[PDB]
$ cat input02.cif   # mmCIF, C-alpha atoms and all ligand atoms
data_start
loop_
_atom_site.group_PDB
_atom_site.id
_atom_site.type_symbol
_atom_site.label_atom_id
_atom_site.label_comp_id
_atom_site.auth_asym_id
_atom_site.auth_seq_id
_atom_site.Cartn_x
_atom_site.Cartn_y
_atom_site.Cartn_z
ATOM 1 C CA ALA A 1 -1.604 -6.007 -5.589
ATOM 2 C CA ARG A 2 -2.228 -7.743 -2.294
ATOM 3 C CA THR A 3 -4.363 -5.390 -0.230
ATOM 4 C CA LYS A 4 -6.436 -5.135 2.900
ATOM 5 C CA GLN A 5 -8.858 -2.705 4.478
ATOM 6 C CA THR A 6 -8.648 -2.327 8.239
ATOM 7 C CA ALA A 7 -10.712 -0.772 10.988
ATOM 8 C CA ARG A 8 -8.932 -1.948 14.164
ATOM 9 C CA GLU B 675 3.278 -4.836 11.313
ATOM 10 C CA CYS B 676 2.896 -1.164 10.420
ATOM 11 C CA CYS B 677 2.963 1.379 7.585
ATOM 12 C CA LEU B 678 6.357 1.483 5.868
ATOM 13 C CA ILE B 679 5.801 5.233 5.325
ATOM 14 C CA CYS B 680 4.228 6.646 8.542
ATOM 15 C CA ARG B 681 5.016 3.699 10.872
ATOM 16 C CA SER B 682 1.576 3.585 12.472
ATOM 17 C CA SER B 683 -1.012 0.820 12.144
ATOM 18 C CA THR B 684 -4.110 3.037 12.036
ATOM 19 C CA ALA B 685 -7.238 1.994 10.069
ATOM 20 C CA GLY B 686 -7.391 2.518 6.323
ATOM 21 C CA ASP B 687 -6.631 1.156 2.870
ATOM 22 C CA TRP B 688 -3.462 -0.902 2.785
ATOM 23 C CA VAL B 689 -1.220 -2.085 -0.047
ATOM 24 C CA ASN B 690 1.548 -4.666 0.195
ATOM 25 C CA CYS B 691 4.766 -4.001 -1.674
ATOM 26 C CA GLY B 692 5.501 -6.669 -4.255
ATOM 27 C CA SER B 693 9.227 -6.117 -3.950
ATOM 28 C CA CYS B 694 9.955 -5.940 -0.233
ATOM 29 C CA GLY B 695 6.714 -7.379 1.123
ATOM 30 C CA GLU B 696 6.175 -4.574 3.648
ATOM 31 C CA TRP B 697 2.768 -2.862 4.019
ATOM 32 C CA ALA B 698 1.792 0.785 3.550
ATOM 33 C CA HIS B 699 -1.373 2.886 3.816
ATOM 34 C CA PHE B 700 -2.291 3.623 0.213
ATOM 35 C CA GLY B 701 -3.168 7.154 1.349
ATOM 36 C CA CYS B 702 0.364 7.821 2.682
ATOM 37 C CA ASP B 703 1.942 7.308 -0.745
ATOM 38 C CA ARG B 704 1.511 10.618 -2.535
ATOM 39 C CA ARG B 705 3.513 9.884 -5.675
ATOM 40 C CA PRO B 706 1.955 11.310 -8.881
ATOM 41 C CA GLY B 707 0.309 8.738 -11.152
ATOM 42 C CA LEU B 708 -0.452 6.066 -8.550
ATOM 43 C CA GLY B 709 -4.176 6.184 -9.173
ATOM 44 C CA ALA B 710 -6.750 4.804 -6.774
ATOM 45 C CA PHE B 711 -6.794 1.977 -4.256
ATOM 46 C CA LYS B 712 -9.497 0.348 -6.368
ATOM 47 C CA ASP B 713 -7.084 -0.332 -9.236
ATOM 48 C CA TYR B 714 -4.909 -2.296 -6.781
ATOM 49 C CA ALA B 715 -7.507 -4.074 -4.653
ATOM 50 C CA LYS B 716 -9.236 -5.935 -7.499
ATOM 51 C CA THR B 717 -8.076 -9.250 -8.988
ATOM 52 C CA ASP B 718 -5.323 -8.714 -11.571
ATOM 53 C CA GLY B 719 -5.108 -5.201 -10.157
ATOM 54 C CA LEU B 720 -1.871 -3.238 -10.579
ATOM 55 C CA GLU B 721 1.161 -4.276 -8.562
ATOM 56 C CA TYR B 722 2.175 -1.928 -5.767
ATOM 57 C CA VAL B 723 5.870 -1.189 -5.435
ATOM 58 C CA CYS B 724 6.746 1.112 -2.525
ATOM 59 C CA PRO B 725 8.769 4.342 -2.996
ATOM 60 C CA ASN B 726 12.095 2.899 -1.882
ATOM 61 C CA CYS B 727 11.765 -0.272 -3.966
ATOM 62 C CA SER B 728 10.709 1.614 -7.091
ATOM 63 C CA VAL B 729 14.129 3.340 -7.639
HETATM 64 ZN ZN ZN A 801 0.838 5.206 6.908
HETATM 65 ZN ZN ZN A 802 9.101 -2.041 -1.130
#
$ encode --input "input02.cif" --output "structure tokens" --more "lines below"
Ligand SMILES: [Zn+2]
Ligand SMILES: [Zn+2]
Amino acid sequence: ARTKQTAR
Amino acid sequence: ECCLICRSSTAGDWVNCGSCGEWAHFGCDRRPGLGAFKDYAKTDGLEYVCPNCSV
């Protein structure tokens, strides 16, 4: 899948 | 913008639904059998389909 990991 | 399940945009592991194109924290989807974010994040990883789009 299209994914992302965020931290803001 | 935000998680289709919890409606926040807090930090974490995110998957995009391949049906509706909305985003969700992978951790907010508690359906049995989903496995781990890893199996989605890699190339040719599984497709994520959110709870509403699934059936
Ligand atoms: Zn969420
Ligand atoms: Zn969906």
$ resolve_selection --input "input02.cif" --expression "the PyMOL selection byres (((chain B and resi 708-721) around 6) and not hetatm)" --output "PyMOL selection string"
(chain A and resi 1+3) or (chain B and resi 706-707+722)
$ closest_residue --input "input02.cif" --among "B:726, B:682, B:692, B:703" --to "residue 8 of chain A" --atoms "all atoms listed in the file"
B:682
$ closest_residue --input "input02.cif" --among "B:729, B:691, B:724, B:698" --to "ligand ZN 801 (chain A)" --atoms "all atoms listed in the file"
B:698
$ resolve_selection --input "input02.cif" --expression "the PyMOL selection byres (((not hetatm)) within 7 of (chain A and resi 801))" --output "number ranges by chain"
B: 677-682, 698-699, 702
$ resolve_selection --input "input02.cif" --expression "the PyMOL selection byres (((chain B and resi 685) around 7) and not hetatm)" --output "JSON, numbers by chain"
{"A": [6, 7, 8], "B": [683, 684, 686]}
$ atom_distance --input "input02.cif" --atom1 "atom CA of residue 675 of chain B" --atom2 "atom CA of residue 688 of chain B"
11.6 Å
$ closest_residue --input "input02.cif" --among "B:696, B:727, B:704, B:689" --to "chain A" --atoms "all atoms listed in the file"
B:689
